[PDB]
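A.B. asks: This is the structure, below, for whatever I ask next.
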Amino acid sequence: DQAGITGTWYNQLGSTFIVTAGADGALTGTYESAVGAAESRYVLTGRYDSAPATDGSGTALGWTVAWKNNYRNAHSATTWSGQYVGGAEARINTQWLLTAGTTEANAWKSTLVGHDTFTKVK
Amino acid sequence: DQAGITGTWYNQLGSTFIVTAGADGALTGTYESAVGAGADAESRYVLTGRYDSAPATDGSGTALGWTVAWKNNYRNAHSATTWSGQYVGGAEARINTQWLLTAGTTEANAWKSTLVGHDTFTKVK
Amino acid sequence: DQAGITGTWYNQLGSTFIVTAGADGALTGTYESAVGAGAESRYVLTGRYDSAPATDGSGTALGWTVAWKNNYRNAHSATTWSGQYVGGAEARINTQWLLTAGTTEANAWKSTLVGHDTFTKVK
Amino acid sequence: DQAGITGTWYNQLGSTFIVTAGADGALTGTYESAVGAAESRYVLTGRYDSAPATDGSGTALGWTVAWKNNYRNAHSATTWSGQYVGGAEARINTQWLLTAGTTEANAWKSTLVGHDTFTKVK
């Protein structure tokens with residue numbers, strides 16, 4: 001939910017994700033990757049279920065980073081798709097797709113798939 | 001490209017994606033799914049995303065992604081899809097994507113939370 | 001679906017998949033990729049399929065693996081295709097695939113490509 | 001490695017994977033899922049890189065389970081794609097695709113994606 005999601009998250013790679021959850025279901029913030037790629041911060045936008053189920057289910061959400069800022073351009077974008085799980089050890093459990101710009105001939109090897117787990121602690 | 005991406009796109013399922021590409025790399029718009037929204041404004045959902053606003057010029061595609069949370073003022077599927085892919089320009093422009101759709105689940109069902117697919121968007125139905 | 005699956009398939013890249021489906025649910029054969037991986041370009045495949053699918057019009061679930069090592073080449077990687085066989089006049093195998101390359105722990109985050117191949121019985 | 005892979009492996013769900021790696025790069029064995037499931041055991045076949053890199057890289061591998069045996073049929077197949085990393089705390093790190101049989105109308109929601117981590121310790 002909104003209060004649970006807003007703030008700073010860290011994944012298993014040491015990347016930092018800072019996000020504000022809007023009451024309208026918006027996600028806005030900045031992503032700092034510990035791997036690949038002000039110089040190493042990138043805009044992110046996304047959406048989340050602002051009215052989740054109240055049976056203990058997680059909160060569905062996703063966001064995108066385009067790996068271009070004012071300094072740098074990796075001609076790629078990542079989307080994270082997952083769910084926020086609240087409680088003392090709150091997590092965002094994600095699967096991600098990273099697509100690099102390619103010619104048609106190389107499109108078959110355009111997309112990386114992975115999983116990040118974000119916690120509020122390092 | 002910004003000029004190439006802005007507009008109305010249709011996928012192989014018959015879903016409609018309307019997007020504005022900002023000079024800053026923002027994607028904003030609405031998504032109407034032909035499937036899974038109780039139909040086989042009702043079926044319209046906010047989307048937001050990002051794209052490479054300075055793509056390569058060698059005929060490489062333009063990397064982008066966007067998200068839809070499947071909640072509007074009518075319905076809630078307690079789920080979110082993210083599309084990751086590339087825009088390819090030309091007479092027959094395409095956005096080729098792979099998508100992940102995560103449903104809210106208990107920790108028990110988390111292993112079966114996430115669908116994976118692929119959508120191809122064109123400017124004609 | 002055993003009769004349907006057994007034979008030679010081609011995907012949108014021009015790759016060739018020859019497979020025998022066993023009555024036990026085994027898939028065995030050889031894969032030739034038109035892309036990457038440089039008989040020099042044939043690789044062993046093994047997999048499984050549902051040998052008693054639903055009769056209700058649903059496809060037949062199946063998957064197979066190729067390790068990209070033969071007697072001539074080694075790309076230090078393996079692809080798995082997960083999908084369903086759809087029968088009839090224009091029979092198809094609709095797949096999604098994961099390709100993992102061997103990596104150091106440092107580079108594991110970029111170890112895995114994901115894609116989709118459609119196989120038809122004609123080029 | 002052949003000796004490194006061969007044996008019994010356990011994932012974070014508590015599923016059990018027993019596998020023999022052949023000298024020819026073959027993987028053969030049985031899989032028991034703790035979730036969704038002799039009754040609860042299923043044939044698996046796969047391949048692995050039998051001459052991996054000598055640079056500290058993991059060993060690429062994959063395998064399939066069709067969720068039919070003598071007792072049960074979930075009309076689906078899972079493929080695991082990943083790598084074996086040897087040493088004191090040996091792991092098989094995978095991502096997986098589970099396709100269910102569907103009608104053409106429901107093909108869009110045919111395939112689940114996940115990640116399992118296998119260790120030799122229960």
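Ordering of the structure tokens sets the chain letters (A, B, ...), residue numbers begin anew at 1 in every chain, and ligands are numbered from 1 in the order given.
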Quick one: everything within 6 Å of residue D:58, counting only C-alpha atoms, minus sequence neighbours fewer than 3 positions away in the same chain. Send it as a PyMOL selection string.
C.D. replies: (chain C and resi 102-103) or (chain D and resi 83-85)
A.B. asks: Would you mind exporting the chosen residues as an mmCIF file, in the first residue's frame, restricted to C-alpha atoms?
C.D. replies:
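Once everything was written out, this is part.cif:
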```cif
data_model
loop_
_atom_site.group_PDB
_atom_site.id
_atom_site.type_symbol
_atom_site.label_atom_id
_atom_site.label_comp_id
_atom_site.auth_asym_id
_atom_site.auth_seq_id
_atom_site.Cartn_x
_atom_site.Cartn_y
_atom_site.Cartn_z
ATOM 1 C CA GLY C 102 27.728 -19.639 -17.740
ATOM 2 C CA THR C 103 28.997 -16.516 -15.876
ATOM 3 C CA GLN D 83 23.770 -22.541 -14.045
ATOM 4 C CA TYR D 84 25.555 -24.807 -11.548
ATOM 5 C CA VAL D 85 28.109 -23.081 -9.259
#
```
A.B. asks: I'm after chain A in the frame of chain D: fit it by least squares over all Cα atoms matched in order, and give me the output as a CSV table (one decimal) with N, CA and C atoms, in the first residue's frame.
C.D. replies:
```
chain,number,residue,atom,x,y,z
A,1,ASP,N,29.9,-29.0,-13.3
A,1,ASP,CA,30.4,-30.1,-14.0
A,1,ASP,C,29.7,-31.4,-13.5
A,2,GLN,N,30.1,-32.6,-14.1
A,2,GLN,CA,29.4,-33.9,-14.0
A,2,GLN,C,29.3,-34.3,-12.5
A,3,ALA,N,30.4,-34.4,-11.8
A,3,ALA,CA,30.5,-34.8,-10.4
A,3,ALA,C,29.7,-33.9,-9.5
A,4,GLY,N,29.9,-32.6,-9.8
A,4,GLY,CA,29.2,-31.5,-9.0
A,4,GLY,C,27.7,-31.5,-9.1
A,5,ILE,N,27.2,-31.9,-10.3
A,5,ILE,CA,25.7,-31.8,-10.6
A,5,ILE,C,25.0,-33.0,-10.1
A,6,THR,N,25.6,-34.2,-10.3
A,6,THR,CA,24.9,-35.5,-10.0
A,6,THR,C,24.5,-35.5,-8.5
A,7,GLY,N,23.2,-35.9,-8.2
A,7,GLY,CA,22.8,-36.0,-6.8
A,7,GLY,C,21.4,-35.4,-6.5
A,8,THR,N,21.2,-35.0,-5.3
A,8,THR,CA,19.9,-34.6,-4.8
A,8,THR,C,20.0,-33.1,-4.5
A,9,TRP,N,19.0,-32.3,-5.0
A,9,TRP,CA,19.0,-30.9,-4.8
A,9,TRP,C,17.6,-30.5,-4.2
A,10,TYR,N,17.6,-29.4,-3.4
A,10,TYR,CA,16.4,-28.9,-2.7
A,10,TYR,C,16.3,-27.4,-3.0
A,11,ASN,N,15.1,-26.9,-3.3
A,11,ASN,CA,14.9,-25.5,-3.6
A,11,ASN,C,14.2,-24.8,-2.4
A,12,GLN,N,14.0,-23.5,-2.5
A,12,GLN,CA,13.5,-22.7,-1.4
A,12,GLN,C,12.0,-23.0,-1.1
A,13,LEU,N,11.3,-23.8,-2.0
A,13,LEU,CA,9.9,-24.2,-1.8
A,13,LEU,C,9.9,-25.5,-1.0
A,14,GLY,N,11.0,-26.2,-0.9
A,14,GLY,CA,11.1,-27.5,-0.3
A,14,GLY,C,10.9,-28.6,-1.4
A,15,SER,N,11.0,-28.3,-2.7
A,15,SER,CA,11.0,-29.3,-3.8
A,15,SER,C,12.3,-30.1,-3.8
A,16,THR,N,12.3,-31.4,-4.3
A,16,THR,CA,13.4,-32.3,-4.4
A,16,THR,C,13.6,-32.6,-5.8
A,17,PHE,N,14.9,-32.4,-6.3
A,17,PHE,CA,15.3,-32.7,-7.7
A,17,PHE,C,16.5,-33.7,-7.5
A,18,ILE,N,16.3,-34.9,-8.0
A,18,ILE,CA,17.4,-35.9,-8.1
A,18,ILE,C,17.8,-36.1,-9.5
A,19,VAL,N,19.1,-36.0,-9.8
A,19,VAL,CA,19.6,-35.9,-11.2
A,19,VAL,C,20.9,-36.7,-11.4
A,20,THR,N,21.1,-37.3,-12.5
A,20,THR,CA,22.4,-37.9,-13.0
A,20,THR,C,22.8,-37.2,-14.2
A,21,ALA,N,24.0,-36.6,-14.1
A,21,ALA,CA,24.6,-35.9,-15.2
A,21,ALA,C,25.4,-37.0,-16.0
A,22,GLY,N,25.1,-37.3,-17.2
A,22,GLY,CA,25.9,-38.1,-18.1
A,22,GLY,C,27.1,-37.5,-18.6
A,23,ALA,N,28.1,-38.2,-19.0
A,23,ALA,CA,29.4,-37.7,-19.6
A,23,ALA,C,29.2,-37.1,-20.9
A,24,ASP,N,28.1,-37.4,-21.6
A,24,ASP,CA,27.7,-36.9,-22.9
A,24,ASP,C,26.8,-35.6,-22.8
A,25,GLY,N,26.6,-35.1,-21.6
A,25,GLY,CA,25.9,-33.8,-21.3
A,25,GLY,C,24.5,-34.1,-21.0
A,26,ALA,N,24.0,-35.3,-20.8
A,26,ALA,CA,22.6,-35.6,-20.5
A,26,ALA,C,22.3,-35.3,-19.0
A,27,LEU,N,21.1,-34.9,-18.7
A,27,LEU,CA,20.5,-34.9,-17.3
A,27,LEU,C,19.3,-35.8,-17.3
A,28,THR,N,19.2,-36.7,-16.4
A,28,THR,CA,18.0,-37.6,-16.2
A,28,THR,C,17.7,-37.7,-14.7
A,29,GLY,N,16.5,-37.8,-14.3
A,29,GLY,CA,16.1,-38.0,-12.9
A,29,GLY,C,14.6,-37.8,-12.7
A,30,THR,N,14.3,-37.4,-11.4
A,30,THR,CA,12.9,-37.3,-11.0
A,30,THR,C,12.8,-35.9,-10.3
A,31,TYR,N,11.6,-35.3,-10.3
A,31,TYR,CA,11.3,-34.1,-9.7
A,31,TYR,C,10.1,-34.3,-8.8
A,32,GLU,N,10.2,-33.8,-7.5
A,32,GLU,CA,9.1,-33.8,-6.6
A,32,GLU,C,8.8,-32.4,-6.2
A,33,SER,N,7.6,-31.8,-6.6
A,33,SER,CA,7.2,-30.4,-6.2
A,33,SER,C,6.6,-30.4,-4.9
A,34,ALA,N,7.0,-29.5,-4.0
A,34,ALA,CA,6.3,-29.3,-2.7
A,34,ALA,C,5.0,-28.5,-2.9
A,35,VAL,N,4.8,-27.9,-4.1
A,35,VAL,CA,3.6,-27.1,-4.4
A,35,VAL,C,3.0,-27.5,-5.7
A,36,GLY,N,1.7,-27.3,-5.9
A,36,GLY,CA,0.9,-27.6,-7.1
A,36,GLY,C,0.8,-29.1,-7.3
A,37,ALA,N,0.2,-29.4,-8.5
A,37,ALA,CA,0.1,-30.8,-9.0
A,37,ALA,C,-1.1,-31.5,-8.2
A,38,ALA,N,5.8,-42.1,-5.2
A,38,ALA,CA,5.5,-42.3,-6.7
A,38,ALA,C,4.5,-41.3,-7.2
A,39,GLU,N,3.4,-41.1,-6.4
A,39,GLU,CA,2.2,-40.2,-6.8
A,39,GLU,C,2.7,-38.8,-7.1
A,40,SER,N,3.7,-38.3,-6.4
A,40,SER,CA,4.2,-36.9,-6.6
A,40,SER,C,5.6,-36.8,-7.1
A,41,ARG,N,6.1,-37.9,-7.8
A,41,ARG,CA,7.3,-37.9,-8.5
A,41,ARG,C,7.0,-37.9,-10.1
A,42,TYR,N,7.8,-37.1,-10.8
A,42,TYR,CA,7.7,-36.8,-12.2
A,42,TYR,C,9.1,-37.0,-12.9
A,43,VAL,N,9.1,-37.6,-14.1
A,43,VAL,CA,10.4,-37.8,-14.8
A,43,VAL,C,10.9,-36.4,-15.2
A,44,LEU,N,12.2,-36.2,-15.2
A,44,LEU,CA,12.8,-35.0,-15.8
A,44,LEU,C,13.9,-35.5,-16.7
A,45,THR,N,14.1,-34.7,-17.8
A,45,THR,CA,15.3,-34.9,-18.7
A,45,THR,C,15.9,-33.5,-19.0
A,46,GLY,N,17.1,-33.4,-19.3
A,46,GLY,CA,17.7,-32.1,-19.6
A,46,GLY,C,19.1,-32.3,-20.2
A,47,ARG,N,19.8,-31.2,-20.4
A,47,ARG,CA,21.2,-31.1,-20.9
A,47,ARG,C,22.0,-30.2,-20.0
A,48,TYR,N,23.3,-30.3,-20.1
A,48,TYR,CA,24.3,-29.4,-19.3
A,48,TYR,C,25.5,-29.3,-20.2
A,49,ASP,N,26.3,-28.2,-20.0
A,49,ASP,CA,27.6,-28.0,-20.7
A,49,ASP,C,28.6,-29.0,-20.0
A,50,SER,N,29.0,-30.1,-20.6
A,50,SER,CA,29.9,-31.1,-20.1
A,50,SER,C,31.3,-30.6,-20.1
A,51,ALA,N,31.6,-29.6,-20.8
A,51,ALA,CA,33.0,-29.0,-20.9
A,51,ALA,C,33.0,-27.5,-20.6
A,52,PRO,N,32.6,-27.1,-19.3
A,52,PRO,CA,32.5,-25.7,-19.0
A,52,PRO,C,33.8,-25.0,-19.1
A,53,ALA,N,33.8,-23.6,-19.1
A,53,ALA,CA,34.9,-22.7,-18.9
A,53,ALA,C,35.6,-23.0,-17.6
A,54,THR,N,36.9,-22.6,-17.5
A,54,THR,CA,37.7,-22.9,-16.3
A,54,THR,C,38.3,-21.5,-15.8
A,55,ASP,N,37.5,-20.5,-15.9
A,55,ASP,CA,37.8,-19.1,-15.4
A,55,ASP,C,36.9,-18.8,-14.2
A,56,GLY,N,36.2,-19.8,-13.7
A,56,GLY,CA,35.3,-19.6,-12.5
A,56,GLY,C,33.8,-19.4,-12.9
A,57,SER,N,33.5,-19.4,-14.2
A,57,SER,CA,32.1,-19.3,-14.7
A,57,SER,C,31.3,-20.5,-14.2
A,58,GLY,N,30.0,-20.4,-14.0
A,58,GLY,CA,29.1,-21.5,-13.8
A,58,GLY,C,29.0,-22.5,-15.0
A,59,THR,N,28.3,-23.6,-14.8
A,59,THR,CA,28.0,-24.6,-15.8
A,59,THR,C,26.6,-24.4,-16.3
A,60,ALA,N,26.4,-24.0,-17.6
A,60,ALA,CA,25.0,-23.8,-18.1
A,60,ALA,C,24.3,-25.1,-18.2
A,61,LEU,N,23.0,-25.1,-17.8
A,61,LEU,CA,22.2,-26.4,-17.9
A,61,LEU,C,20.7,-26.0,-17.9
A,62,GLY,N,19.9,-27.0,-18.3
A,62,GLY,CA,18.4,-26.9,-18.2
A,62,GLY,C,17.8,-28.3,-18.1
A,63,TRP,N,16.6,-28.3,-17.7
A,63,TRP,CA,15.8,-29.5,-17.7
A,63,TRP,C,14.3,-29.2,-17.8
A,64,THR,N,13.5,-30.2,-18.2
A,64,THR,CA,12.1,-30.2,-18.4
A,64,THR,C,11.4,-31.2,-17.5
A,65,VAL,N,10.3,-30.8,-16.9
A,65,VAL,CA,9.3,-31.8,-16.3
A,65,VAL,C,8.0,-31.5,-17.0
A,66,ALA,N,7.4,-32.6,-17.5
A,66,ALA,CA,5.9,-32.7,-17.9
A,66,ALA,C,5.2,-33.2,-16.7
A,67,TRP,N,4.1,-32.5,-16.3
A,67,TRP,CA,3.5,-32.8,-15.0
A,67,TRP,C,2.4,-33.9,-15.1
A,68,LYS,N,2.9,-35.0,-15.7
A,68,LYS,CA,2.1,-36.2,-15.8
A,68,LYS,C,3.0,-37.4,-15.3
A,69,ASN,N,2.4,-38.2,-14.5
A,69,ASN,CA,3.0,-39.5,-14.1
A,69,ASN,C,1.9,-40.5,-14.2
A,70,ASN,N,2.1,-41.7,-13.5
A,70,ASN,CA,1.1,-42.8,-13.7
A,70,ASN,C,-0.2,-42.5,-12.9
A,71,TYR,N,-0.3,-41.4,-12.0
A,71,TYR,CA,-1.3,-41.2,-11.0
A,71,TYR,C,-2.1,-39.9,-11.4
A,72,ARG,N,-1.5,-38.9,-12.1
A,72,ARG,CA,-1.8,-37.5,-12.0
A,72,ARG,C,-1.4,-36.8,-13.3
A,73,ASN,N,-2.1,-35.7,-13.7
A,73,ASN,CA,-1.8,-34.9,-14.9
A,73,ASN,C,-2.3,-33.5,-14.7
A,74,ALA,N,-1.4,-32.5,-14.6
A,74,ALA,CA,-1.7,-31.1,-14.4
A,74,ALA,C,-1.6,-30.4,-15.8
A,75,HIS,N,-1.5,-31.1,-16.9
A,75,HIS,CA,-1.6,-30.6,-18.3
A,75,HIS,C,-0.7,-29.4,-18.4
A,76,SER,N,0.5,-29.5,-17.9
A,76,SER,CA,1.5,-28.4,-17.9
A,76,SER,C,2.9,-28.9,-18.0
A,77,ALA,N,3.9,-28.1,-18.3
A,77,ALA,CA,5.3,-28.5,-18.3
A,77,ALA,C,6.1,-27.3,-17.8
A,78,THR,N,7.2,-27.5,-17.0
A,78,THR,CA,8.1,-26.5,-16.6
A,78,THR,C,9.4,-26.9,-17.2
A,79,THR,N,10.1,-25.8,-17.6
A,79,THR,CA,11.6,-25.8,-17.9
A,79,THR,C,12.3,-24.9,-17.0
A,80,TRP,N,13.4,-25.4,-16.5
A,80,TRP,CA,14.4,-24.7,-15.7
A,80,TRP,C,15.6,-24.4,-16.6
A,81,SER,N,16.1,-23.2,-16.6
A,81,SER,CA,17.3,-22.8,-17.3
A,81,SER,C,18.2,-22.0,-16.3
A,82,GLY,N,19.4,-22.4,-16.2
A,82,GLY,CA,20.3,-21.8,-15.3
A,82,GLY,C,21.8,-22.3,-15.3
A,83,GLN,N,22.4,-22.2,-14.2
A,83,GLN,CA,23.9,-22.6,-14.1
A,83,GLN,C,24.2,-23.1,-12.7
A,84,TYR,N,25.0,-24.2,-12.7
A,84,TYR,CA,25.6,-24.9,-11.6
A,84,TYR,C,26.8,-24.0,-11.1
A,85,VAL,N,26.9,-23.7,-9.8
A,85,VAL,CA,28.0,-23.0,-9.2
A,85,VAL,C,28.6,-23.9,-8.2
A,86,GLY,N,29.8,-24.4,-8.4
A,86,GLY,CA,30.4,-25.4,-7.5
A,86,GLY,C,31.0,-24.7,-6.2
A,87,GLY,N,31.7,-25.4,-5.4
A,87,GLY,CA,32.3,-24.9,-4.1
A,87,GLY,C,31.5,-25.3,-2.9
A,88,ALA,N,31.9,-24.9,-1.7
A,88,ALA,CA,31.4,-25.5,-0.5
A,88,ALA,C,29.9,-25.3,-0.4
A,89,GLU,N,29.4,-24.2,-0.8
A,89,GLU,CA,28.0,-23.8,-0.9
A,89,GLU,C,27.5,-23.9,-2.3
A,90,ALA,N,27.6,-25.0,-3.0
A,90,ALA,CA,27.2,-25.3,-4.4
A,90,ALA,C,25.7,-24.9,-4.6
A,91,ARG,N,25.4,-24.3,-5.7
A,91,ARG,CA,24.0,-24.0,-6.0
A,91,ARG,C,23.8,-24.3,-7.5
A,92,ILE,N,22.5,-24.5,-7.8
A,92,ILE,CA,22.0,-24.3,-9.2
A,92,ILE,C,21.0,-23.2,-9.2
A,93,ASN,N,21.4,-22.1,-9.8
A,93,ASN,CA,20.5,-20.9,-9.9
A,93,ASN,C,19.7,-20.9,-11.2
A,94,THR,N,18.4,-21.0,-11.1
A,94,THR,CA,17.5,-21.1,-12.2
A,94,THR,C,16.5,-20.0,-12.3
A,95,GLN,N,16.0,-19.8,-13.6
A,95,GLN,CA,14.7,-19.2,-13.9
A,95,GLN,C,13.9,-20.3,-14.6
A,96,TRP,N,12.6,-20.3,-14.4
A,96,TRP,CA,11.7,-21.3,-15.0
A,96,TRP,C,10.5,-20.7,-15.7
A,97,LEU,N,10.0,-21.4,-16.7
A,97,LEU,CA,8.8,-21.2,-17.5
A,97,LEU,C,7.8,-22.4,-17.3
A,98,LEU,N,6.6,-22.2,-16.8
A,98,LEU,CA,5.6,-23.3,-16.7
A,98,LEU,C,4.5,-23.0,-17.6
A,99,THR,N,4.3,-23.8,-18.7
A,99,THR,CA,3.2,-23.6,-19.7
A,99,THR,C,2.1,-24.5,-19.4
A,100,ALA,N,0.9,-24.1,-19.3
A,100,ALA,CA,-0.3,-24.9,-19.2
A,100,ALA,C,-0.9,-25.0,-20.5
A,101,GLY,N,-1.4,-26.2,-20.9
A,101,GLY,CA,-2.2,-26.4,-22.1
A,101,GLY,C,-3.4,-25.5,-22.0
A,102,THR,N,-3.7,-24.7,-23.1
A,102,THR,CA,-4.8,-23.8,-23.1
A,102,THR,C,-5.5,-23.8,-24.5
A,103,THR,N,-6.7,-23.3,-24.6
A,103,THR,CA,-7.3,-22.9,-25.9
A,103,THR,C,-6.5,-21.7,-26.4
A,104,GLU,N,-6.5,-21.4,-27.7
A,104,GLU,CA,-5.9,-20.3,-28.4
A,104,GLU,C,-6.3,-18.9,-27.7
A,105,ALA,N,-7.6,-18.8,-27.3
A,105,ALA,CA,-8.2,-17.7,-26.6
A,105,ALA,C,-7.5,-17.3,-25.3
A,106,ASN,N,-7.1,-18.4,-24.6
A,106,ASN,CA,-6.4,-18.2,-23.2
A,106,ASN,C,-4.9,-18.4,-23.3
A,107,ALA,N,-4.3,-18.5,-24.4
A,107,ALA,CA,-2.8,-18.7,-24.6
A,107,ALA,C,-2.1,-17.6,-23.9
A,108,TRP,N,-2.7,-16.3,-23.9
A,108,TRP,CA,-2.0,-15.2,-23.3
A,108,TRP,C,-1.7,-15.4,-21.9
A,109,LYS,N,-2.4,-16.2,-21.2
A,109,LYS,CA,-2.2,-16.5,-19.7
A,109,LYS,C,-1.9,-18.0,-19.5
A,110,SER,N,-1.1,-18.5,-20.4
A,110,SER,CA,-0.7,-20.0,-20.5
A,110,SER,C,0.6,-20.1,-19.6
A,111,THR,N,1.4,-19.1,-19.5
A,111,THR,CA,2.8,-19.3,-19.0
A,111,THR,C,3.1,-18.5,-17.7
A,112,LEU,N,3.5,-19.2,-16.7
A,112,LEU,CA,4.1,-18.7,-15.4
A,112,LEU,C,5.6,-18.6,-15.5
A,113,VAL,N,6.2,-17.6,-15.0
A,113,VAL,CA,7.7,-17.4,-14.8
A,113,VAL,C,8.1,-17.2,-13.4
A,114,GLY,N,9.2,-17.8,-13.0
A,114,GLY,CA,9.7,-17.8,-11.6
A,114,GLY,C,11.2,-18.1,-11.6
A,115,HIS,N,11.7,-18.2,-10.4
A,115,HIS,CA,13.1,-18.5,-10.1
A,115,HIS,C,13.2,-19.4,-8.9
A,116,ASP,N,13.9,-20.5,-9.0
A,116,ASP,CA,14.3,-21.4,-7.9
A,116,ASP,C,15.8,-21.4,-7.7
A,117,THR,N,16.2,-21.4,-6.5
A,117,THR,CA,17.7,-21.7,-6.1
A,117,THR,C,17.7,-23.0,-5.4
A,118,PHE,N,18.5,-24.0,-6.0
A,118,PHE,CA,18.7,-25.4,-5.5
A,118,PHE,C,20.0,-25.4,-4.7
A,119,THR,N,20.0,-26.0,-3.5
A,119,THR,CA,21.2,-26.3,-2.7
A,119,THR,C,21.2,-27.8,-2.4
A,120,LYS,N,22.3,-28.3,-2.0
A,120,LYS,CA,22.5,-29.7,-1.6
A,120,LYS,C,22.0,-30.0,-0.2
A,121,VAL,N,21.7,-28.9,0.6
A,121,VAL,CA,21.2,-29.0,1.9
A,121,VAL,C,19.7,-28.4,1.9
A,122,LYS,N,18.9,-28.8,2.9
A,122,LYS,CA,17.5,-28.3,3.1
A,122,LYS,C,17.5,-27.0,3.8
```
A.B. asks: Calculated over only C-alpha atoms, which of the candidates B:80, B:46, B:124, B:116 has the smallest distance to residue C:82?
C.D. replies: B:116
A.B. asks: Which residues in chain B does DSSP call alpha helix (DSSP H)? List them as a list in words.
C.D. replies: residues 2, 3, 4 and 5 of chain B
A.B. asks: If you keep N, CA and C atoms, can you produce a file of those selected residues as a compact mmCIF listing (two decimals), in the first residue's frame?
C.D. replies:
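Wrote it out as again23.txt, contents follow:
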```
# COMPACT_ATOMS: atom_id res chain seq x y z
N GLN B 2 10.65 9.77 -30.46
CA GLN B 2 9.52 10.49 -29.84
C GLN B 2 8.34 10.60 -30.81
N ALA B 3 8.62 11.04 -32.04
CA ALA B 3 7.61 11.25 -33.10
C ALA B 3 6.99 9.90 -33.48
N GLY B 4 7.84 8.86 -33.57
CA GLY B 4 7.46 7.50 -33.99
C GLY B 4 6.57 6.80 -32.98
N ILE B 5 6.81 7.03 -31.68
CA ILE B 5 6.14 6.28 -30.58
C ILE B 5 4.78 6.90 -30.27
```
A.B. asks: Compute the chain C side of the contact with chain D at 8 Å, counting only C-alpha atoms, and hand it back as JSON, numbers by chain.
C.D. replies: {"C": [25, 45, 46, 47, 48, 49, 50, 51, 52, 53, 54, 57, 58, 59, 60, 61, 62, 63, 64, 65, 66, 67, 68, 69, 74, 76, 77, 78, 79, 80, 81, 82, 83, 84, 96, 97, 98, 99, 100, 101, 102, 103, 104, 105, 112]}
A.B. asks: List the spatial neighbours of residue C:117 as a PyMOL selection string - criterion: any atom at most 7 Å away, only C-alpha atoms, same-chain residues fewer than 3 positions off excluded.
C.D. replies: chain C and resi 11-12+94-96
A.B. asks: For chain B, which residues have at least one atom within 9 Å of chain A, if we go by only C-alpha atoms? Write them as a PyMOL selection string, please.
C.D. replies: chain B and resi 25-27+46-56+58-71+76-88+97-107+110+113-114
A.B. asks: Within stretch 3-125 of chain B, find each residue whose DSSP state, derived from the backbone, is strand (DSSP E or B), and express the selection as a ChimeraX atom specification.
C.D. replies: /B:7-10,16-21,26-32,44-51,62-71,76-88,94-103,114-122
A.B. asks: Just to confirm, what's the straight-line distance from atom CA of residue C:119 to atom CA of residue C:13 in Å (one decimal)?
C.D. replies: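 Between atom CA of residue C:119 and atom CA of residue C:13 the gap is 9.6 Å.
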A.B. asks: How close does chain C get to chain B? List, as JSON lines, each residue of chain C within 9 Å, its nearest atom pair and the distance in Å to one decimal, counting only C-alpha atoms.
C.D. replies:
```
{"residue": "C:96", "atom": "CA", "partner": "B:117", "partner_atom": "CA", "distance": 7.7}
{"residue": "C:114", "atom": "CA", "partner": "B:98", "partner_atom": "CA", "distance": 8.5}
{"residue": "C:115", "atom": "CA", "partner": "B:98", "partner_atom": "CA", "distance": 7.8}
{"residue": "C:116", "atom": "CA", "partner": "B:118", "partner_atom": "CA", "distance": 7.4}
```
A.B. asks: Just give me the gap between atom CA of residue C:73 and atom CA of residue C:19 in Å, one decimal is fine.
C.D. replies: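 Distance reported for this atom pair: 21.4 Å.
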A.B. asks: At what distance in Å, to one decimal, does atom CA of residue B:9 lie from atom CA of residue B:39?
C.D. replies: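 Going from atom CA of residue B:39 over to atom CA of residue B:9 covers 19.5 Å.
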A.B. asks: Write out as an MDAnalysis selection string each polymer residue whose atoms come within 6 Å of residue B:10, counting only C-alpha atoms; drop sequence neighbours fewer than 3 positions from it.
C.D. replies: chainID B and resid 14:16 121:122 125
A.B. asks: I'd like to know which of C:15, C:30, C:22, C:5 is closest to residue C:88, using only C-alpha atoms.
C.D. replies: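 Of C:15, C:30, C:22, C:5, the one nearest residue C:88 is C:5, counting only C-alpha atoms.
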